[PDB]
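Everything on this sheet refers to the single structure shown next.
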Amino acid sequence: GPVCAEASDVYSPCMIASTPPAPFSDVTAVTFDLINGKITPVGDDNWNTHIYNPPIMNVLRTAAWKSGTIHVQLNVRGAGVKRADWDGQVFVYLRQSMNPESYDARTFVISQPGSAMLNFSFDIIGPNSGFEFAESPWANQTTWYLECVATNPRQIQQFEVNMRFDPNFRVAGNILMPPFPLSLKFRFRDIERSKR
Amino acid sequence: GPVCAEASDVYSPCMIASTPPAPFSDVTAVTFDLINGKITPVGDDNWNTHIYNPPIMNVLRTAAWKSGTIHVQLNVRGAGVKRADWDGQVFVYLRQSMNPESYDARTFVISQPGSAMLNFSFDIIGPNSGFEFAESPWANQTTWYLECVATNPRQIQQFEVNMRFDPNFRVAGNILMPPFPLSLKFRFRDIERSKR
Amino acid sequence: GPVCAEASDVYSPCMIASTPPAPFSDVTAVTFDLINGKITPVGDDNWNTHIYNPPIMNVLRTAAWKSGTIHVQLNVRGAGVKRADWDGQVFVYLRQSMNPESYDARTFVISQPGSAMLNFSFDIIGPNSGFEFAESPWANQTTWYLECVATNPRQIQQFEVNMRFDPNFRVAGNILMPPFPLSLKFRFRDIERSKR
Amino acid sequence: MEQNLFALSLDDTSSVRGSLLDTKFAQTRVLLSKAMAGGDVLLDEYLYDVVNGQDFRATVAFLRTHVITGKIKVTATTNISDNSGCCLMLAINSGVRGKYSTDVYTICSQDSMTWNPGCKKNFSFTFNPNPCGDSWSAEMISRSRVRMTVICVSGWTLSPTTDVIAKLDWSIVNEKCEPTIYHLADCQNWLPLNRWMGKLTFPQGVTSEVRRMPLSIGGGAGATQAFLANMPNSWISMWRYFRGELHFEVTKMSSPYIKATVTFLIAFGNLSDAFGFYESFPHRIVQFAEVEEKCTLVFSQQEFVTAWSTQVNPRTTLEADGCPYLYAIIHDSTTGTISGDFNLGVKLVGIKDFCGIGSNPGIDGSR
Amino acid sequence: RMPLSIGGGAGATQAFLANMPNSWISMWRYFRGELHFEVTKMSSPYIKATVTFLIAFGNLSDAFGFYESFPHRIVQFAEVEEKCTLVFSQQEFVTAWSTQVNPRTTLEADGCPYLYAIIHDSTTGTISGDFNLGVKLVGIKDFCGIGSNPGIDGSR
Amino acid sequence: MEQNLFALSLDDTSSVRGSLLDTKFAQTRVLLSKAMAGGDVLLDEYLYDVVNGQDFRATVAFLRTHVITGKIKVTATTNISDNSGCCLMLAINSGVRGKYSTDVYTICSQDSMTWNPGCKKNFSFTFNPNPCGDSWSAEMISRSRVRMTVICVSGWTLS
């Protein structure tokens, strides 16, 4: 409709993936490993990827064993492209594994002009009393990847995966990670830096 | 769909921010400090900002300590622009702080042609028995800002932040404010003034 | 989405307001006094207004003291205008008073091409045991007006305010009204009259 | 001796109270012209303007008491010889709007006394000027602009020698102000209406006079290219179909000297005039004595098979109309030693055990 | 006269002043309750005056010498007393009244109650000086707030 | 509905009664000049002329009640700083005769309040305007010509 339903809780932005710059016109894709926080673009396409460090992500990277629902919100921007000239589609795919043999756990298909939003959820669940160690050889446990495909990277400028734990979420165990490094005008700070 | 869900309660308009006039074409942004009622546009862009004085806003400006949910409705107008020529996007961002290090608490992304609406909510909650003094040095409490970005200010003419207290809302303490000053054709009064 | 939610009850059409005919291109507006059933267009613009006489309206005109929720459905038509050439927006505003000092109780903002619908509600409530006499000097009671603005009257041909009492609605007292007079091809009867 | 003035009883917020002498607050002097006609405004002023230039015991109490829990009694002393008679109606409405109709239909609705001076020496009735609360004030009704209207619904059947005066005498009794609120429940034990079904003139003679009044009451009463509306009648038309025990209140408006016996019955429109078997149907005979001017016909649920529509299309003829009518048939002959019609006023007081079905999208006119 | 449409702040030049509690009550459209004023003497004990307080509407003129027809409270202050608590029960008001009125509305056309303060006799003293007197609505007991004020800009 | 008018309670002969708000029938505005002397008539009028041009709750009751069993209370709100003081005397007498004396001596006799505004914030006193009976009326005191007199027996010690 026109009158929209009310958004609510705090979702923190975890992984941005800007699309390769001009003149690159071909179809391209990217994969967000939602648990381990990794962004692997297809082939040798120079996507500009950043993994931010909100509390969600630091927990997801450091927690060994995880359990329960995480709500995702994939936002898509957004080039200065006349609406009648828009031909960009965004196909996304939840997957357990990245291997050819595995099927998708969910497919979404978006062709909103300019910009778009897609809220979904998925529950991490595993063998060890409902807990899953992501990509552990034990019990051949697996991650959740989020494959995303831009049919037109000139029009789709960037993806943006925001996440939120459902209240039921639970972790256990620590992982020794390396030191986490610190951190287009779609932003208030970035508009100031282009005139200074 | 076409058949829309029923809107309801009284939301009062708090902060309008008209976009800079012609020939200014570049990307621009504005920040609404939702609690303290302040509108800081980016750099030296002459946005035309007004903070109105409905009961909500006068309470939000005078109350010291606040607690509970406030429902926002960000409306966007709206130039006389052919729909096929529309390329304007609106990115909004809830934030606690305006500093570079802080992350967003919510991102929305709108590319409706002409005009748009975006209802969301957020709960003020703080250390002092669930109450938050906005921007107090005590316990490094922080506001809620609403950063908004217009990719095309020729098409997006103005923002408009309407608000409503949820029934759970509660204040305490008074603040000594200075005297509150009093108060494009998107209006019945403004249409009369352009032919008189 | 594409699959739409199910509409239901009987809403009766109360007030139509057709937009001024060609060559009038300027921005214009109209105000529907929702209780007293009056349609005042802005300035000297010859809008073609009709107030129909369904049971709702006759009750709203004759009842003195009123209480409870009324559901409105503002429909907008609708010219034969190519969708890519569409630039018409519709801004609506609930208000208590028509005076400059009063603020809005609700703002909606629609830019659907061709035609549109907007369901909302509002509760009449007043001092006299929850009853409100519309525009009575007693306790400075006030109406509900519905200001509506067409940015492009060549494209937006007419407004149409349908209403329905919620089950909780209650009236008391009679008002002596004068005799109620009796009663573009957007209609089955009107198509027959243009070929006869 | 000195005393503490803050402790005194000068904050007496109590209502106006006492005997009928010391609750009187105004008298008003209505002139009934020697030759007055039907549908004729005798008085029409705001209820607060009654008390302008008055000096009775409760007049200053009435204006200065912030709250009043009691009803307003109005009594009208007016009489005329048995030989003649007419029908006056005093009526209170919660307000007006520009160039309002003063037809008996429109007015009746809310709070009204109707009487025949020929039969009743005097007539009184109480009312609550705020119909959605237990209380009111002089400042409420002045600014709310409550409107009082006296109207003559039937002229003098025999004119008096000179002009007449009806003295209205406004007091405040100590009855509870009960509120009268209409609401959208489908089943209601008592839905009041005070719907003016119409004035029935029957000329003097030997002709078979029949008068039909349709019970598809909704959608107002007629006018030129218009219709009149009360609130209660607009309220019942919210529903598509309806039924209940109908409580009519038939009133004699002529003199006692014009005599006629009237059969009342429910039946459908198809029945012709010059059909002389109306008393096959169940019916009630109504003779009026000299003193009686008022009688209450009730038509139970057993007179109706189903509910019937609140509105019918105005174009539908009597031949093709499946809702019931209320017939009023002269049983014998209208008579009298003096010339004049046998006027008779029927007023649907209300529907008992009202059952409203559906949701009327509506029809424009009336009949 | 002091208006009981208290909401929407107090006035200034092209502005208004606001507390939180007064901005809070204006959340609601109409309201009512027992009003607990606290009238305070600010002058010396030597300036003497008797003050009638009453609820009534704006239409009542000055040089209308029948204010004591209405219910009222007389307030004499002794030398030692500087403070007294006027209370106006629910029986002084028929209905609720609006928290805000348009600033343009005149006294002649304004249907909310006022609180009058009328000098009963005459202000006196052997020393020169006004009889200053401060009224402060302490609070509303049995407060009942109705509706939802969309708002009005000014004060009065 | 009709009713028998002879049976109604319009022959209520009862006296004026109730709270002090609804028994009030007049106020009167006496001017004490900045420099008033002793033996100085401030007010002097017939007690019935008090109620001329009055519109309080019991004013029309007072004029129209044929009998009144109750006393008349009069109360005088008048105060002045402790620094000063004077002596006023309000006084009611059953009548007068041509060019009467208004010396405190003459006046006092029958029914009088005397007070010092300097000390008393206000002063009240009741009285019976018919001194040889248990009852009276507005018509009795108008035609009997009962006379009320306020006099200043001592001037302001400090103006």
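Letters A, B, ... mark the chains of the structure tokens in the order given; residue numbers begin at 1 per chain; ligand numbers begin at 1, in order shown.
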For segment 15-26 of chain F: contacts at 7 Å, only C-alpha atoms, fewer than 2 positions along chain excluded, given as a list in words =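 Returned residues: residues 9, 10 and 12 of chain D; 71 of chain E; 13, 28, 50, 51, 54, 56, 57, 58, 59, 61, 62, 65, 67, 68 and 69 of chain F.
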Contact set, chain B to chain E: 7 Å, only C-alpha atoms, as a ChimeraX atom specification = /B:10,12,53-56,58-59,62-63,174,179-182
Quick one: contact table of chain E to chain F, 7 Å max, nearest atom pair and distance in Å to one decimal per residue, counting only C-alpha atoms, chain and number order, as a Markdown table?
| residue | atom | partner | partner_atom | distance |
| --- | --- | --- | --- | --- |
| E:46 | CA | F:81 | CA | 4.7 |
| E:47 | CA | F:81 | CA | 6.7 |
| E:48 | CA | F:80 | CA | 6.1 |
| E:66 | CA | F:55 | CA | 6.4 |
| E:69 | CA | F:56 | CA | 5.0 |
| E:71 | CA | F:21 | CA | 6.9 |
| E:121 | CA | F:77 | CA | 6.9 |
| E:124 | CA | F:80 | CA | 6.1 |
| E:125 | CA | F:81 | CA | 5.5 |
| E:126 | CA | F:81 | CA | 6.2 |
Output as a PDB file with N, CA, C and O atoms, in the first residue's frame all residues of segment 21-72 of chain E that backbone DSSP marks as strand (DSSP E or B).
ATOM      1  N   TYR E  30      -8.955  18.256  26.119  1.00  0.00           N
ATOM      2  CA  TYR E  30      -9.839  18.786  27.153  1.00  0.00           C
ATOM      3  C   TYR E  30      -9.402  18.183  28.467  1.00  0.00           C
ATOM      4  O   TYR E  30      -8.780  17.131  28.471  1.00  0.00           O
ATOM      5  N   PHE E  31      -9.737  18.832  29.580  1.00  0.00           N
ATOM      6  CA  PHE E  31      -9.442  18.273  30.898  1.00  0.00           C
ATOM      7  C   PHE E  31     -10.290  18.866  31.995  1.00  0.00           C
ATOM      8  O   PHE E  31     -10.923  19.892  31.801  1.00  0.00           O
ATOM      9  N   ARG E  32     -10.268  18.222  33.158  1.00  0.00           N
ATOM     10  CA  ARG E  32     -10.959  18.728  34.338  1.00  0.00           C
ATOM     11  C   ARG E  32     -10.372  18.172  35.629  1.00  0.00           C
ATOM     12  O   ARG E  32      -9.556  17.258  35.586  1.00  0.00           O
ATOM     13  N   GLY E  33     -10.807  18.720  36.765  1.00  0.00           N
ATOM     14  CA  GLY E  33     -10.464  18.198  38.101  1.00  0.00           C
ATOM     15  C   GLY E  33     -10.656  19.233  39.199  1.00  0.00           C
ATOM     16  O   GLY E  33     -10.999  20.380  38.903  1.00  0.00           O
ATOM     17  N   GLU E  34     -10.459  18.836  40.462  1.00  0.00           N
ATOM     18  CA  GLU E  34     -10.372  19.803  41.572  1.00  0.00           C
ATOM     19  C   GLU E  34      -9.071  20.575  41.431  1.00  0.00           C
ATOM     20  O   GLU E  34      -8.001  19.989  41.449  1.00  0.00           O
ATOM     21  N   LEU E  35      -9.166  21.882  41.286  1.00  0.00           N
ATOM     22  CA  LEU E  35      -7.996  22.716  41.107  1.00  0.00           C
ATOM     23  C   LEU E  35      -7.556  23.241  42.461  1.00  0.00           C
ATOM     24  O   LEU E  35      -8.374  23.798  43.180  1.00  0.00           O
ATOM     25  N   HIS E  36      -6.278  23.077  42.798  1.00  0.00           N
ATOM     26  CA  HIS E  36      -5.741  23.523  44.083  1.00  0.00           C
ATOM     27  C   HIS E  36      -4.815  24.694  43.896  1.00  0.00           C
ATOM     28  O   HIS E  36      -3.617  24.518  43.746  1.00  0.00           O
ATOM     29  N   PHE E  37      -5.361  25.898  43.921  1.00  0.00           N
ATOM     30  CA  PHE E  37      -4.532  27.094  43.865  1.00  0.00           C
ATOM     31  C   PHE E  37      -3.919  27.378  45.224  1.00  0.00           C
ATOM     32  O   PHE E  37      -4.387  26.887  46.249  1.00  0.00           O
ATOM     33  N   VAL E  39      -2.673  30.847  46.800  1.00  0.00           N
ATOM     34  CA  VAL E  39      -2.526  32.285  46.650  1.00  0.00           C
ATOM     35  C   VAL E  39      -1.651  32.833  47.769  1.00  0.00           C
ATOM     36  O   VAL E  39      -1.874  32.530  48.933  1.00  0.00           O
ATOM     37  N   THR E  40      -0.650  33.625  47.388  1.00  0.00           N
ATOM     38  CA  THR E  40       0.370  34.116  48.307  1.00  0.00           C
ATOM     39  C   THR E  40       0.422  35.639  48.294  1.00  0.00           C
ATOM     40  O   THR E  40       0.358  36.267  47.236  1.00  0.00           O
ATOM     41  N   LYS E  41       0.541  36.216  49.486  1.00  0.00           N
ATOM     42  CA  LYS E  41       0.717  37.640  49.659  1.00  0.00           C
ATOM     43  C   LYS E  41       2.190  37.948  49.459  1.00  0.00           C
ATOM     44  O   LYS E  41       3.046  37.309  50.066  1.00  0.00           O
ATOM     45  N   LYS E  48      -3.404  46.327  52.848  1.00  0.00           N
ATOM     46  CA  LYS E  48      -4.500  45.502  53.292  1.00  0.00           C
ATOM     47  C   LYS E  48      -5.550  45.518  52.209  1.00  0.00           C
ATOM     48  O   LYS E  48      -5.833  46.563  51.632  1.00  0.00           O
ATOM     49  N   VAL E  51      -9.994  39.983  49.047  1.00  0.00           N
ATOM     50  CA  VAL E  51     -10.067  39.535  47.659  1.00  0.00           C
ATOM     51  C   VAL E  51     -11.036  38.375  47.521  1.00  0.00           C
ATOM     52  O   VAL E  51     -10.838  37.337  48.151  1.00  0.00           O
ATOM     53  N   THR E  52     -12.070  38.552  46.694  1.00  0.00           N
ATOM     54  CA  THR E  52     -12.977  37.455  46.360  1.00  0.00           C
ATOM     55  C   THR E  52     -12.394  36.701  45.173  1.00  0.00           C
ATOM     56  O   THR E  52     -11.937  37.305  44.206  1.00  0.00           O
ATOM     57  N   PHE E  53     -12.417  35.379  45.269  1.00  0.00           N
ATOM     58  CA  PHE E  53     -12.016  34.496  44.191  1.00  0.00           C
ATOM     59  C   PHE E  53     -13.224  33.709  43.738  1.00  0.00           C
ATOM     60  O   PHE E  53     -13.998  33.235  44.564  1.00  0.00           O
ATOM     61  N   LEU E  54     -13.379  33.552  42.432  1.00  0.00           N
ATOM     62  CA  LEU E  54     -14.483  32.767  41.911  1.00  0.00           C
ATOM     63  C   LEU E  54     -14.208  32.273  40.526  1.00  0.00           C
ATOM     64  O   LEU E  54     -13.483  32.914  39.772  1.00  0.00           O
ATOM     65  N   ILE E  55     -14.791  31.130  40.194  1.00  0.00           N
ATOM     66  CA  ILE E  55     -14.801  30.661  38.825  1.00  0.00           C
ATOM     67  C   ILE E  55     -15.998  31.297  38.123  1.00  0.00           C
ATOM     68  O   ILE E  55     -17.070  31.435  38.712  1.00  0.00           O
ATOM     69  N   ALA E  56     -15.796  31.671  36.865  1.00  0.00           N
ATOM     70  CA  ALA E  56     -16.825  32.280  36.023  1.00  0.00           C
ATOM     71  C   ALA E  56     -16.249  32.448  34.628  1.00  0.00           C
ATOM     72  O   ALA E  56     -15.056  32.254  34.434  1.00  0.00           O
ATOM     73  N   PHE E  57     -17.074  32.834  33.671  1.00  0.00           N
ATOM     74  CA  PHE E  57     -16.644  32.888  32.280  1.00  0.00           C
ATOM     75  C   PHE E  57     -16.268  34.302  31.865  1.00  0.00           C
ATOM     76  O   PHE E  57     -16.640  35.266  32.523  1.00  0.00           O
TER      77      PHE E  57
END
For residue 20 of chain C, find every residue with an atom within 8 Å (counting only C-alpha atoms), except residues of its own chain fewer than 4 positions away, and show them as a PDB file with N, CA and C atoms, in the first residue's frame.
ATOM      1  N   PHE C  24      -6.944  25.235 -16.238  1.00  0.00           N
ATOM      2  CA  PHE C  24      -6.383  25.487 -14.902  1.00  0.00           C
ATOM      3  C   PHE C  24      -5.344  24.441 -14.488  1.00  0.00           C
ATOM      4  N   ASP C  45     -11.163  29.039  -7.045  1.00  0.00           N
ATOM      5  CA  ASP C  45     -10.989  27.912  -7.972  1.00  0.00           C
ATOM      6  C   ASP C  45     -12.315  27.184  -8.066  1.00  0.00           C
ATOM      7  N   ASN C  46     -12.874  27.079  -9.270  1.00  0.00           N
ATOM      8  CA  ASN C  46     -14.159  26.384  -9.446  1.00  0.00           C
ATOM      9  C   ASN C  46     -13.996  24.858  -9.438  1.00  0.00           C
ATOM     10  N   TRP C  47     -13.828  24.326  -8.231  1.00  0.00           N
ATOM     11  CA  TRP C  47     -13.977  22.902  -7.976  1.00  0.00           C
ATOM     12  C   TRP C  47     -15.461  22.566  -8.060  1.00  0.00           C
ATOM     13  N   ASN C  48     -15.763  21.347  -8.486  1.00  0.00           N
ATOM     14  CA  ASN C  48     -17.133  20.880  -8.578  1.00  0.00           C
ATOM     15  C   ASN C  48     -17.408  19.893  -7.443  1.00  0.00           C
ATOM     16  N   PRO C 153      -3.685  19.358 -10.702  1.00  0.00           N
ATOM     17  CA  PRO C 153      -5.101  19.134 -10.951  1.00  0.00           C
ATOM     18  C   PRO C 153      -5.463  18.636 -12.351  1.00  0.00           C
TER      19      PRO C 153
END
Residues of chain B in alpha helix (DSSP H), written as a ChimeraX atom specification | /B:55-62,188-193
Listing only residues of chain B within 7 Å of chain A, what is the closest atom pair and its distance in Å (to one decimal) for each, using only C-alpha atoms, sorted by chain and residue number ascending, as a tab-separated table?
residue	atom	partner	partner_atom	distance
B:1	CA	A:1	CA	4.9
B:2	CA	A:1	CA	5.3
B:3	CA	A:1	CA	6.3
B:4	CA	A:1	CA	4.7
B:5	CA	A:3	CA	6.6
B:7	CA	A:3	CA	6.9
B:28	CA	A:191	CA	6.7
B:29	CA	A:188	CA	6.0
B:42	CA	A:192	CA	6.6
B:43	CA	A:192	CA	6.2
B:84	CA	A:84	CA	4.7
B:85	CA	A:82	CA	5.2
B:86	CA	A:82	CA	5.4
B:87	CA	A:82	CA	4.6
B:88	CA	A:80	CA	7.0
B:89	CA	A:114	CA	6.5
B:103	CA	A:54	CA	7.0
B:104	CA	A:12	CA	6.2
B:105	CA	A:10	CA	4.9
B:106	CA	A:11	CA	5.5
B:109	CA	A:115	CA	6.1
B:110	CA	A:115	CA	6.1
B:111	CA	A:114	CA	5.4
B:117	CA	A:3	CA	6.9
B:118	CA	A:4	CA	6.5
B:119	CA	A:6	CA	4.9
B:120	CA	A:7	CA	4.3
B:121	CA	A:8	CA	5.2
B:122	CA	A:8	CA	6.3
B:147	CA	A:188	CA	7.0
B:149	CA	A:187	CA	6.6
What residues in chain D lie within 9 Å of chain E, counting only C-alpha atoms, written as a PDB file with N, CA, C and O atoms, in the first residue's frame?
ATOM      1  N   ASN D   4     -14.084  34.592  60.693  1.00  0.00           N
ATOM      2  CA  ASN D   4     -13.206  34.165  59.610  1.00  0.00           C
ATOM      3  C   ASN D   4     -14.037  33.998  58.344  1.00  0.00           C
ATOM      4  O   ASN D   4     -14.926  33.144  58.297  1.00  0.00           O
ATOM      5  N   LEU D   5     -13.751  34.818  57.335  1.00  0.00           N
ATOM      6  CA  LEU D   5     -14.561  34.868  56.120  1.00  0.00           C
ATOM      7  C   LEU D   5     -14.305  33.716  55.164  1.00  0.00           C
ATOM      8  O   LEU D   5     -15.167  33.393  54.346  1.00  0.00           O
ATOM      9  N   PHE D   6     -13.123  33.112  55.252  1.00  0.00           N
ATOM     10  CA  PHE D   6     -12.793  31.939  54.447  1.00  0.00           C
ATOM     11  C   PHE D   6     -13.626  30.716  54.856  1.00  0.00           C
ATOM     12  O   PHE D   6     -13.893  29.846  54.031  1.00  0.00           O
ATOM     13  N   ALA D   7     -14.037  30.661  56.125  1.00  0.00           N
ATOM     14  CA  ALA D   7     -14.855  29.560  56.649  1.00  0.00           C
ATOM     15  C   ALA D   7     -16.358  29.647  56.336  1.00  0.00           C
ATOM     16  O   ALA D   7     -17.083  28.680  56.585  1.00  0.00           O
ATOM     17  N   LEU D   8     -16.833  30.779  55.811  1.00  0.00           N
ATOM     18  CA  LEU D   8     -18.270  30.967  55.559  1.00  0.00           C
ATOM     19  C   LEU D   8     -18.792  30.147  54.395  1.00  0.00           C
ATOM     20  O   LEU D   8     -18.031  29.717  53.531  1.00  0.00           O
ATOM     21  N   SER D   9     -20.112  29.967  54.378  1.00  0.00           N
ATOM     22  CA  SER D   9     -20.802  29.181  53.355  1.00  0.00           C
ATOM     23  C   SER D   9     -21.195  30.062  52.175  1.00  0.00           C
ATOM     24  O   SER D   9     -22.377  30.191  51.849  1.00  0.00           O
ATOM     25  N   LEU D  10     -20.191  30.678  51.555  1.00  0.00           N
ATOM     26  CA  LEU D  10     -20.367  31.450  50.333  1.00  0.00           C
ATOM     27  C   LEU D  10     -19.906  30.660  49.116  1.00  0.00           C
ATOM     28  O   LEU D  10     -20.003  31.153  47.994  1.00  0.00           O
ATOM     29  N   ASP D  11     -19.404  29.444  49.341  1.00  0.00           N
ATOM     30  CA  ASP D  11     -19.089  28.508  48.273  1.00  0.00           C
ATOM     31  C   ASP D  11     -20.162  27.420  48.256  1.00  0.00           C
ATOM     32  O   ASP D  11     -19.860  26.224  48.291  1.00  0.00           O
ATOM     33  N   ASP D  12     -21.424  27.845  48.210  1.00  0.00           N
ATOM     34  CA  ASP D  12     -22.547  26.930  48.082  1.00  0.00           C
ATOM     35  C   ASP D  12     -22.744  26.650  46.592  1.00  0.00           C
ATOM     36  O   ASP D  12     -23.313  27.464  45.856  1.00  0.00           O
ATOM     37  N   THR D  13     -22.239  25.497  46.160  1.00  0.00           N
ATOM     38  CA  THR D  13     -22.307  25.071  44.763  1.00  0.00           C
ATOM     39  C   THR D  13     -23.553  24.232  44.464  1.00  0.00           C
ATOM     40  O   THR D  13     -23.708  23.737  43.344  1.00  0.00           O
ATOM     41  N   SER D  14     -24.436  24.071  45.451  1.00  0.00           N
ATOM     42  CA  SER D  14     -25.632  23.251  45.296  1.00  0.00           C
ATOM     43  C   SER D  14     -26.560  23.789  44.203  1.00  0.00           C
ATOM     44  O   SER D  14     -26.589  24.993  43.922  1.00  0.00           O
ATOM     45  N   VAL D  60     -31.961  34.706  39.407  1.00  0.00           N
ATOM     46  CA  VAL D  60     -30.561  34.984  39.698  1.00  0.00           C
ATOM     47  C   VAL D  60     -29.842  33.723  40.158  1.00  0.00           C
ATOM     48  O   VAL D  60     -28.669  33.566  39.872  1.00  0.00           O
ATOM     49  N   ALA D  61     -30.524  32.817  40.847  1.00  0.00           N
ATOM     50  CA  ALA D  61     -29.916  31.512  41.154  1.00  0.00           C
ATOM     51  C   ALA D  61     -29.595  30.714  39.883  1.00  0.00           C
ATOM     52  O   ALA D  61     -28.547  30.104  39.788  1.00  0.00           O
ATOM     53  N   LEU D  63     -29.044  31.739  36.715  1.00  0.00           N
ATOM     54  CA  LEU D  63     -27.942  32.299  35.934  1.00  0.00           C
ATOM     55  C   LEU D  63     -26.562  32.106  36.566  1.00  0.00           C
ATOM     56  O   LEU D  63     -25.559  32.060  35.858  1.00  0.00           O
ATOM     57  N   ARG D  64     -26.509  32.009  37.887  1.00  0.00           N
ATOM     58  CA  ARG D  64     -25.243  32.028  38.614  1.00  0.00           C
ATOM     59  C   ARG D  64     -24.807  30.681  39.174  1.00  0.00           C
ATOM     60  O   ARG D  64     -23.682  30.558  39.649  1.00  0.00           O
ATOM     61  N   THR D  65     -25.687  29.684  39.132  1.00  0.00           N
ATOM     62  CA  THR D  65     -25.352  28.344  39.595  1.00  0.00           C
ATOM     63  C   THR D  65     -24.554  27.667  38.488  1.00  0.00           C
ATOM     64  O   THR D  65     -25.045  27.507  37.366  1.00  0.00           O
ATOM     65  N   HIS D  66     -23.323  27.286  38.805  1.00  0.00           N
ATOM     66  CA  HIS D  66     -22.434  26.700  37.819  1.00  0.00           C
ATOM     67  C   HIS D  66     -22.899  25.358  37.313  1.00  0.00           C
ATOM     68  O   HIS D  66     -22.646  25.038  36.167  1.00  0.00           O
ATOM     69  N   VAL D  67     -23.538  24.568  38.172  1.00  0.00           N
ATOM     70  CA  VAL D  67     -24.079  23.262  37.794  1.00  0.00           C
ATOM     71  C   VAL D  67     -25.522  23.145  38.244  1.00  0.00           C
ATOM     72  O   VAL D  67     -25.892  23.671  39.281  1.00  0.00           O
ATOM     73  N   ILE D  68     -26.330  22.454  37.454  1.00  0.00           N
ATOM     74  CA  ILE D  68     -27.718  22.199  37.774  1.00  0.00           C
ATOM     75  C   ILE D  68     -27.985  20.724  37.498  1.00  0.00           C
ATOM     76  O   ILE D  68     -27.867  20.272  36.364  1.00  0.00           O
ATOM     77  N   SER D 135     -26.167  16.717  33.903  1.00  0.00           N
ATOM     78  CA  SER D 135     -26.010  18.065  34.430  1.00  0.00           C
ATOM     79  C   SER D 135     -25.855  19.084  33.326  1.00  0.00           C
ATOM     80  O   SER D 135     -25.522  18.736  32.201  1.00  0.00           O
ATOM     81  N   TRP D 136     -26.067  20.347  33.671  1.00  0.00           N
ATOM     82  CA  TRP D 136     -26.018  21.447  32.702  1.00  0.00           C
ATOM     83  C   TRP D 136     -25.942  22.795  33.421  1.00  0.00           C
ATOM     84  O   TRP D 136     -25.870  22.840  34.642  1.00  0.00           O
ATOM     85  N   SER D 137     -25.943  23.887  32.672  1.00  0.00           N
ATOM     86  CA  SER D 137     -25.925  25.213  33.275  1.00  0.00           C
ATOM     87  C   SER D 137     -26.512  26.251  32.357  1.00  0.00           C
ATOM     88  O   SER D 137     -26.775  25.981  31.196  1.00  0.00           O
ATOM     89  N   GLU D 139     -24.826  28.877  31.421  1.00  0.00           N
ATOM     90  CA  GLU D 139     -23.753  29.162  30.472  1.00  0.00           C
ATOM     91  C   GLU D 139     -23.586  28.080  29.426  1.00  0.00           C
ATOM     92  O   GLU D 139     -23.179  28.381  28.306  1.00  0.00           O
ATOM     93  N   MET D 140     -23.892  26.831  29.771  1.00  0.00           N
ATOM     94  CA  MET D 140     -23.863  25.752  28.784  1.00  0.00           C
ATOM     95  C   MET D 140     -24.896  26.001  27.701  1.00  0.00           C
ATOM     96  O   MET D 140     -24.545  26.025  26.534  1.00  0.00           O
ATOM     97  N   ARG D 143     -24.325  29.274  25.287  1.00  0.00           N
ATOM     98  CA  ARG D 143     -23.230  29.113  24.333  1.00  0.00           C
ATOM     99  C   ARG D 143     -23.421  27.904  23.423  1.00  0.00           C
ATOM    100  O   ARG D 143     -22.983  27.937  22.276  1.00  0.00           O
TER     101      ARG D 143
END
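What separates atom CA of residue 161 of chain B from atom CA of residue 74 of chain B is a distance of 4.6 Å.
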